[PDB]
A.B. asks: 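Let me give you the structure first, and then I'll get to my questions.
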Amino acid sequence: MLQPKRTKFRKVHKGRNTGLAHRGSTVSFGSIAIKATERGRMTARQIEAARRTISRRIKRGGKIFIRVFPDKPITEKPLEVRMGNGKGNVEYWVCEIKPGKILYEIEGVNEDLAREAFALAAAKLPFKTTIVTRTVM
Amino acid sequence: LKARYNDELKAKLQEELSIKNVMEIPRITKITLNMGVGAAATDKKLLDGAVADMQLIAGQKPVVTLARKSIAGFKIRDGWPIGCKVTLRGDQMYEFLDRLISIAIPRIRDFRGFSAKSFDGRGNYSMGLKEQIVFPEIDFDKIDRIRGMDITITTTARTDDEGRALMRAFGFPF
Amino acid sequence: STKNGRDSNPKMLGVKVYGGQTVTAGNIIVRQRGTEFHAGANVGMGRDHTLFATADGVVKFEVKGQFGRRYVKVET
Amino acid sequence: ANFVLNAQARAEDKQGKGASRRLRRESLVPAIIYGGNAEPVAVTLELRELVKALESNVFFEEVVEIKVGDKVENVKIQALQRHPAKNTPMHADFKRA
Amino acid sequence: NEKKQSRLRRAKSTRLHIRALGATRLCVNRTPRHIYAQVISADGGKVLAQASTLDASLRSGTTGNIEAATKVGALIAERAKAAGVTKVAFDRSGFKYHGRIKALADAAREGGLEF
RNA sequence: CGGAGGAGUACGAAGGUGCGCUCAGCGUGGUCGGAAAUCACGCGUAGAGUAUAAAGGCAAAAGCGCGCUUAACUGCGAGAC
RNA sequence: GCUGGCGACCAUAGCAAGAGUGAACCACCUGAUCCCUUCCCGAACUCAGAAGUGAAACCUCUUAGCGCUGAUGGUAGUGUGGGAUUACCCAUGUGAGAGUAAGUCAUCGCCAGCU
């Protein structure tokens, strides 16, 4: 369950998720990677579930690079509570995802095994993904 | 020293160290005496004795040194006096150097307390001496708790070799 | 019950006369909390860093000096 | 001489955001050619040919020929822009060599 | 060496204040061998009058003491009068107002410059 | 009844002026003495400070010292926000 | 052509490294008698002078090492009209930041000395 060790502020504005992921869309650490093709939110539990699935499939024979970190807190009201009376309490952490953002990379396994692991992990995610490989430019 | 240094050691060191210009010949600039008399706030008489000690060993008035920044681990406040220092230049530092080297070095019970090393890497040498005695001042009687000194001599010598040559020319044990 | 809910009254800072305008002596040019702009020729500085004109003329902004300070002056 | 890219001149009326989007809707790719002793020249490439060439690995370390009309330029690829989500090439840079 | 840098840092405030006031400046420079005194206009880029111990009349003397400074002050006052400046602001250029520079200033004041 | 902090003071110097001075950190050596007291030399560098919360500022330093002092004056006041 | 003072300008102008300069100028330099000075000290400030040296310092030259400047093209954003609602598309106008090619070891003014 990834989460920042400490934060400068506790609660943040909702914001709007727009635009494409020009940064963080290039394979840098491994040889094969999975990237999102539509935008959304990615929770820490989702990140952990996908990582566990990939590691279990590849039997820890390679290295998995996680390139998403959930540094955005999300609040909810305590339930049965009326509107107003201040902002709600922090409940979980998410990472904003834009189309093109790379989520996981794998180093040191066969392409077939890596693609099987990525197909297994894609079923755990709330958005559509695709598979990319390292290229010269 | 002064004149003796000028006549002998200038040319002697120039030939020894193969220095092309007389301006690069090592020279002694200043001598600094310091004591970090900590916890002086408790008694407030050890510092007063210390300034008298400095007036005795060096014929110069002492200047009391204040603490910079306040440390809770120690008991030093922001600006309380926690040390004493004097600075000697010109003929007076020569007098102090000659007087100390001649008479104080034999008087200490131990010997070879000062190495040929302990330069700061730039031709300046620091001394740590214990016991206010071994100087031309009254003995154990009529003096207060014994105190030690730090004696930092700063030279124009660029590195440790010209430092060592210059000070051995004066006659330091090592 | 929230522990927040306070704020101060507005202060209405900012540039009052822009470059190219004509001024009369005494006109306030810049209201500022600190010296975002510095006083050039024919411009005076008040106790609260307000910049005002000390002569009639045309206001001009510039960047000048070895620190790259912003200056505003009045040209007669 | 092994790699030859047939191109067309990309004029001022074909430069700009809207013109580039129209070109890419036509399945064409904008590119620029710059290098010592001559002014830059803007050209239009075919997406099909660009993808075919990029599939080869020796294309990134070999002198290639961009041919527009009768003019011929000997260049090496310098930079490429891809779509963040679709990986389609969108713009090319070519340094004279 | 920090000596000259400290001297310019000391002179900065007086020079900037004189420029802000807009008065004609009288600037002096001192070396162990010589003294110099030049009058500069308000904008600070033009020299109207000048005097020093490098002049043929004075170069044969000692040129590095109070006596030479007095004569240089008299010379600069005389030459500034011919140029046509009356009121000036003195600029000590970070030196202490004492000794040679004080003597030159007094010589100029007796010569007729009002400051 | 959105997210975060402060105030209901202090100071005859912590005000005025003339003159003067630069911080913080790290490394080398140096009695007690060290993680860190004071001394000396360097290295790189505004990261120090500004009575107090934050922001805008601060080399002519608005930061820091010393001597003399009361402009922490009276009557006003073109012109502006 | 060299040196000094005062400015314009504030890195394409700055740092770093390397090398040169003594006729004059400047700098170190002598010591401290009278001026003046250090919460100690002729270290700084100051005075009175030329026995030495251009060693240090300051200036001048060389180098793209660090730094700085920086296109063209494309991309993002965006005013107006229209079409859609994960925040896009079209017409029209506008147009970065980053990065790439490339550039840079400044350029002027007033006065005075020495050839």
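FYI, side chains are in, hydrogens and waters are out, and symmetry mates aren't considered; it's all heavy atoms of this structure. Letters A, B, ... are given to chains in the order of the sequence lines, protein chains preceding strands, and every chain is numbered from 1.
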A.B. asks: Is D:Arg82 touching bases, backbone alone, or none of the nucleic acid, heavy atoms closer than 4.0 Å?
C.D. replies: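 No contact.
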
A.B. asks: Counting side-chain heavy atoms from CB outward, which of G:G49, G:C47, G:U92 is closest to E:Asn65?
C.D. replies: G:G49

A.B. asks: Between the base of G:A50 and the side chain of E:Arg33, is one N or O donor paired with an acceptor at under 3.5 angstrom?
C.D. replies: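 In this structure, the two groups form a donor-acceptor pair.
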
A.B. asks: Answer with base, sugar-phosphate or nothing: what part of the nucleic acid does B:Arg27 contact at a heavy-atom distance below 4.0 Å?
C.D. replies: sugar-phosphate

A.B. asks: Choosing from G:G109, G:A27, F:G57, which nucleotide comes nearest the side chain of E:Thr31?
C.D. replies: G:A27

A.B. asks: Would you mind telling me which residue lines up with the more 5' stretch of RNA chain F, C:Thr35 or A:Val12, judged by nearest nucleotide?
C.D. replies: A:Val12

A.B. asks: For B:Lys30, does the NZ atom sit with more than 12 other heavy atoms under 6.0 Å from it, leaving out its own atoms?
C.D. replies: yes

A.B. asks: Please confirm whether any donor atom in the side chain of B:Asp120 sits under 3.5 Å from an acceptor in the base of F:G29, or the reverse.
C.D. replies: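 Under the 3.5 Å cut-off, the side chain and the base do not form any donor-acceptor pair.
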
A.B. asks: Does B:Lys130 pair with B:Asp110 as a salt bridge, N-O distance under 4.0 Å?
C.D. replies: no

A.B. asks: Measuring from the side chain of E:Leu8 (C-beta onward, heavy atoms only), which nucleotide among G:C29, F:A80, G:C6 has the closest atom?
C.D. replies: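 Among G:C29, F:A80, G:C6, the one nearest the side chain of E:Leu8 is G:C6.
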
A.B. asks: Both C:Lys64 and D:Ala92 contact RNA chain G. Which one's nearest nucleotide lies toward the 5' end?
C.D. replies: C:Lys64

A.B. asks: Among G:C40, F:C81, G:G109, which is the nearest nucleotide to the side chain of B:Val63?
C.D. replies: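 So the nucleotide nearest the side chain must be G:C40.
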
A.B. asks: First locate atom CZ of B:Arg68, then atom CD1 of B:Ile82, and finally report the distance between them rounded to the nearest 0.5 Å.
C.D. replies: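 B:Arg68 atom CZ to B:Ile82 atom CD1 measures 9.5 Å (nearest 0.5 Å).
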
A.B. asks: Does the aromatic ring of B:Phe74 sit over the six-membered base ring of F:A36, closer than 5.5 Å centre to centre and tilted less than 30°?
C.D. replies: yes

A.B. asks: Which way does the sugar of G:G83 pucker, north or south, judged by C1'-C2'-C3'-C4'?
C.D. replies: north

A.B. asks: Based on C1'-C2'-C3'-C4', put the sugar of F:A10 on the north side (positive) or the south side (negative).
C.D. replies: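 North pucker for F:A10; the sign of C1'-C2'-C3'-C4' is positive.
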
A.B. asks: Specify the glycosidic conformation (syn or anti) of G:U38, with syn defined as within 90° of 0.
C.D. replies: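 The base of G:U38 is oriented syn (glycosidic angle within 90° of 0).
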
A.B. asks: Does C:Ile29 or E:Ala20 map to a spot on RNA chain F nearer the 5' end, using the closest nucleotide for each?
C.D. replies: E:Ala20

A.B. asks: Assuming nearest nucleotide by heavy-atom distance, tell me which of D:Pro30 and E:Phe95 is located more 5' along RNA chain G.
C.D. replies: E:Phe95

A.B. asks: With rounding to whole Å, what would you report as the distance between F:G15 and F:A71 at their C1' atoms?
C.D. replies: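 That atom pair is separated by 10 Å.
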
A.B. asks: Based on the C1'-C2'-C3'-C4' torsion angle, does the furanose ring of F:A60 adopt a north or a south pucker?
C.D. replies: south

A.B. asks: So, with the rule that both contacts fall under 3.5 Å, do G:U12 and G:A71 count as a Watson-Crick or wobble pair?
C.D. replies: no

A.B. asks: If you measure from the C1' atom in G:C66 to the same atom in G:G31, how many Å do you get, rounded?
C.D. replies: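 Pairwise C1' distance, G:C66 against G:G31, rounds to 46 Å.
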
A.B. asks: Can you check the distance between G:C59 and G:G5, where both ends of the measurement are the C1' atom (answer in whole Å)?
C.D. replies: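 It comes out at 14 Å once rounded to the nearest Å.
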
A.B. asks: Within a radius of less than 6.0 Å around NZ of B:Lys20, do more than 12 heavy atoms belonging to other residues, nucleotides or ligands occur?
C.D. replies: no

A.B. asks: Check this for me: A:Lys87, atom NZ, are more than 12 non-hydrogen atoms of other residues, nucleotides or ligands nearer than 6.0 Å?
C.D. replies: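 Count over threshold, so yes.
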
A.B. asks: Mind checking B:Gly73 for me? I need base, sugar-phosphate or nothing, with any heavy atom below 4.0 Å counting as a touch.
C.D. replies: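 The answer is base, as B:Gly73 lies within the cut-off (heavy atoms under 4.0 Å) of a base atom.
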
A.B. asks: Need the pucker for G:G81. North if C1'-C2'-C3'-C4' is positive, south if negative.
C.D. replies: north

A.B. asks: Ignoring hydrogens and geometry beyond distance, is the side chain of A:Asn17 in donor-acceptor contact with the base of G:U86 at under 3.5 Å?
C.D. replies: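 Per atom types, no contact qualifies.
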
A.B. asks: With sugar-phosphate meaning primed atoms plus P, OP1 and OP2, does D:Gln81 contact a base, only sugar-phosphate, or nothing at under 4.0 Å between heavy atoms?
C.D. replies: base

A.B. asks: Tell me if G:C10 is syn or anti. Syn = glycosidic torsion within 90° of 0, anti otherwise.
C.D. replies: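 This nucleotide is in syn.
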
A.B. asks: F:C81, F:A62, F:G30: which one has an atom nearest the side-chain heavy atoms of C:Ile28?
C.D. replies: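 Nearest listed nucleotide: F:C81.
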
A.B. asks: Would you indicate what A:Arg82 reaches in the nucleic acid, counting non-hydrogen atoms under 4.0 angstrom: base, sugar-phosphate, or nothing?
C.D. replies: nothing

A.B. asks: Which way is the base of F:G12 turned, syn or anti, if we draw the line at 90° from 0?
C.D. replies: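 Syn.
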
A.B. asks: Using the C1'-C2'-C3'-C4' torsion, which pucker class fits G:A64: north or south?
C.D. replies: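 South is the answer for G:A64, its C1'-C2'-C3'-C4' torsion being negative.
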
A.B. asks: Let's see if you can work this out: which of G:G113, G:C110, G:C36 has an atom nearest to the side-chain heavy atoms of E:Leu54?
C.D. replies: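 The closest nucleotide is G:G113.
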
A.B. asks: Looking at every strand, decide which applies to A:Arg16 at a 4.0 Å heavy-atom threshold: base, sugar-phosphate, or nothing.
C.D. replies: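 Here A:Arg16 touches no strand at all.
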
A.B. asks: Using a cut-off of 4.0 Å on non-hydrogen atoms, how would the nucleic acid contact of C:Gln66 be classed: base, sugar-phosphate, or nothing?
C.D. replies: base

A.B. asks: Check every strand shown and say whether C:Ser1 touches a base, only sugar-phosphate, or nothing at a heavy-atom separation below 4.0 Å.
C.D. replies: nothing

A.B. asks: Is E:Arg100 touching bases, backbone alone, or none of the nucleic acid, heavy atoms closer than 4.0 Å?
C.D. replies: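 Sugar-phosphate contact only.
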
A.B. asks: Send over the distance from A:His22 NE2 to G:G97 P, rounded to a whole Å.
C.D. replies: 16 Å

A.B. asks: With syn defined as a glycosidic torsion within 90 degrees of 0 and anti otherwise, which applies to G:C39?
C.D. replies: syn

A.B. asks: In terms of side-chain geometry, is the basic nitrogen of B:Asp160 or B:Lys117 positioned less than 4.0 Å from the acidic oxygen of its partner?
C.D. replies: no

A.B. asks: Record whether the side chain of E:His98 comes under 3.5 Å of the base of G:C35 through a donor-acceptor pair of N or O atoms.
C.D. replies: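 Under the 3.5 Å cut-off, the side chain and the base do form a donor-acceptor pair.
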
A.B. asks: By the 4.0 Å heavy-atom rule, please label B:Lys20 as base, sugar-phosphate, or nothing.
C.D. replies: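 Nothing, no heavy atom under 4.0 Å.
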
A.B. asks: Is a donor on one side and an acceptor on the other found under 3.5 Å between the side chain of B:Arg158 and the backbone of B:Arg122?
C.D. replies: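 Checking the backbone N and O of B:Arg122 against the side chain of B:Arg158, no donor-acceptor pair under 3.5 Å is found.
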
A.B. asks: Rounded to whole angstrom units, what separation is found between the CG atom of D:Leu28 and the P atom of G:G74?
C.D. replies: 14 Å

A.B. asks: Is there aromatic stacking of D:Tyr34 on G:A101 here, judged by a ring-centre distance under 5.5 Å and a plane angle under 30°?
C.D. replies: no

A.B. asks: Kindly say whether, by distance alone, the side chain of E:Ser13 makes a donor-acceptor pair under 3.5 Å with the base of F:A59?
C.D. replies: no

A.B. asks: At under 4.0 Å between heavy atoms, what does C:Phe67 touch on the DNA or RNA strands: base, sugar-phosphate, or nothing?
C.D. replies: sugar-phosphate

A.B. asks: In Watson-Crick or G-U wobble terms, both distances under 3.5 Å, what is the partner of G:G7?
C.D. replies: G:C108

A.B. asks: Output yes when at least one side-chain N/O atom of B:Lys85 is less than 4.0 Å from OP1 or OP2 of F:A40, else no.
C.D. replies: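 The answer is yes; a side-chain N or O of B:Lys85 sits under 4.0 Å from OP1 or OP2.
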
A.B. asks: Whether B:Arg122 contacts F:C43 is assessed here as follows: a side-chain N or O lying under 4.0 Å from the phosphate OP1 or OP2. Is that the case?
C.D. replies: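 So the side chain of B:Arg122 is outside the cut-off, no N or O lying under 4.0 Å from OP1 or OP2 of F:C43.
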
A.B. asks: Could you tell me whether C:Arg6 contacts a base, only the sugar-phosphate backbone, or nothing, with contacts defined as non-hydrogen atoms closer than 4.0 Å?
C.D. replies: base

A.B. asks: When you check the glycosidic angle of F:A36, does it come out syn, meaning within 90° of 0, or anti?
C.D. replies: anti

A.B. asks: Check every atom of F:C41, G:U53, F:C32 against the side chain of B:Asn124 and return the nucleotide holding the closest atom.
C.D. replies: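 My answer, after comparing the listed nucleotides, is F:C41.
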
A.B. asks: Could you check which of F:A55, F:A59, G:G73 has an atom nearest any side-chain atom of C:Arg33?
C.D. replies: F:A55

A.B. asks: Which one, G:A55, F:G57, F:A40, comes nearest to the side chain of B:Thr154?
C.D. replies: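 For the B:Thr154 side chain, the nearest candidate turns out to be F:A40.
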
A.B. asks: Of all the choices, G:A91, G:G74, G:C26, which nucleotide is nearest to the side chain of E:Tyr36 once you look at every atom?
C.D. replies: G:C26

A.B. asks: With no angle test and no hydrogens, is the base of G:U78 tied to the side chain of D:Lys17 by a donor-acceptor pair under 3.5 Å?
C.D. replies: yes

